[PDB]
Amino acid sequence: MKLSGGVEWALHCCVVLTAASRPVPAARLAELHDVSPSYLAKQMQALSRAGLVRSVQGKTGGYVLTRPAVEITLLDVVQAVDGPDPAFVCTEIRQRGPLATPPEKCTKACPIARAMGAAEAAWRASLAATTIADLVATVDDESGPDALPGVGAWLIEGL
């Protein structure tokens, strides 16, 4: 099982966008992280379709967050980039074969499906409990208070 490789890039992008006082073009985000502009654009566009960033046009355009950092969870970002579908997909195999779960016993999910679902709930709940704000606060502590504003400064030059 592998998480969409864009998740790491998107999360970092959300973090540095909190430090940008103005819209940031996908190309400058890509230059900061030394990554393919077209590739980074794809992840930003997934964030966009999830209502977490918006692009605003022109030449002075680029990307902004659409609400405060405290209101965007790692689960919001992970589901935008990697998708909403649960890791385990029950295909109702219990209804196959000569000793299939009879038709009126199919009103509850399969117990295996249920147990798998509960670990999904725990992965989701962990991701929902942390915000972009939380990440920023940790970076502030570990890198020092000037680090992210230094990045933000660099991000907006020429604008």
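Start at 1 and count along the sequence shown; that's the residue number.
Mean CA B-factor, 45-53 versus 91-99: the higher value falls on 45-53.
A summary of the deposited B-factors shows that, of 117-125 and 60-68, the stretch with the larger mean C-alpha value is 60-68.
In the deposited entry, the Cα temperature factor of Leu17 places it in the middle third of its chain's modelled residues. The entry lists a Cα temperature factor for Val24 that places it in the highest third of the chain's modelled residues. Among the modelled residues of its chain, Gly152 has a C-alpha B-factor that falls in the middle third according to the deposited record. Per-chain ranking of the deposited C-alpha B factor places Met1 in the middle third.
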